[PDB]
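Engineer: Dumping the structure here so I can ask a few things about it.
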Amino acid sequence: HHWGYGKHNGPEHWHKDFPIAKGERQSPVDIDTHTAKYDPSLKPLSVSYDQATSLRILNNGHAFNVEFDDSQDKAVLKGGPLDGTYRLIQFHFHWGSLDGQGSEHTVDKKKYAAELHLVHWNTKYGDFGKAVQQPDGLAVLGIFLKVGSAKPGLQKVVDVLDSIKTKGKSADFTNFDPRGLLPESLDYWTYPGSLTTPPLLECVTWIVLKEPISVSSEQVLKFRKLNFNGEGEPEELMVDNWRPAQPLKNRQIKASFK
Ligand SMILES: Oc1c(Cl)cc(Cl)cc1Sc1cc(Cl)cc(Cl)c1O
Ligand SMILES: Oc1c(Cl)cc(Cl)cc1Sc1cc(Cl)cc(Cl)c1O
Ligand SMILES: [Zn+2]
């Protein structure tokens, strides 16, 4: 009876195993665009993905992760609200059963069809497992997906999903360039928060881009063909793998733009 996104094990239940679910810096949140304060002291973000080394794509039963070699400073996030160097470890998405839901963060209560999370850890802590124990351990770049024109740089991901339909399946996934998933603008909102999945650790500096990327209806339809279940188990489509907005509590969302 482990955690998931069902009626019986979904986000409203998580606090029984993970009491930090009701903590002071949980994610995601609604971004109230009128209340977010422009912070002229924030820097431009530095996304340095030219030497990124993708390795593998995994269906872990709650999403699919594209994993990177994070044993050296190849794909790093710096600048913006961040102190020091954060190494890309994986990206994944959250999405809906229909185009009107799927994102974890919302913007003036608007839900996007999906949300991409590029997960990075602070090199001062040496490894990901140590970094998630620190209040400045992770930096997650969040990007909203809307349905419209196809995203060219997403198609290599969509094309391999048939090979990882069920929980525990993986495939080689080399030479993938995450720069093809970024919007034109790096204008962002930032706030201190948490992992949006158990163990819900309060270790994340969130950096959520204002400009969504456009994906095609066919691209997101292929996400919705994945399965939460393992091979030979009753089919449960991997949809609505999003946690809803959590209380902002004693936090300020800052904007990088006027
Ligand atoms: O082994 C882990 C590391 Cl290095 C970091 C984190 Cl945040 C969690 C684990 S194990 C783990 C994985 C998932 Cl998907 C959910 C839970 Cl509740 C876990 O403890
Ligand atoms: O090369 C591409 C073109 Cl002409 C249009 C779009 Cl919308 C995506 C791509 S990227 C790509 C994706 C896969 Cl699955 C295979 C190959 Cl040979 C690609 O170049
Ligand atoms: Zn996520």
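Numbers run from 1 along the shown chain.
Recorded method for this deposit: X-ray crystallography, 1.3 Å.
Cβ atoms here come from the backbone N, Cα and C positions, even for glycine.
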Engineer: Going by Swiss-Prot, point out which residue in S46, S163, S185 is annotated as phosphoserine.
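Structural biologist: My reading of Swiss-Prot gives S163.
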Engineer: By the record in Swiss-Prot, which of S170, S214 is the one labelled phosphoserine?
Structural biologist: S170
Engineer: Per Swiss-Prot, which one of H105, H117 shares the Zn(2+) site with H92, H94?
Structural biologist: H117
Engineer: Through the lens of DSSP with three states only, how would you label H117 (Zn(2+) binding site)?
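Structural biologist: Looking at the DSSP assignment, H117 (Zn(2+) binding site) belongs to a strand.
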Engineer: Relative to the Cβ of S163 (phosphoserine), which residues of the same chain, six or more apart in sequence, are found under 8 Å away?
Structural biologist: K169, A171
Engineer: Could you tell me which of these recorded positions, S170, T196, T197, has the fewest other Cβ atoms within 10 Å of its Cβ?
Structural biologist: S170
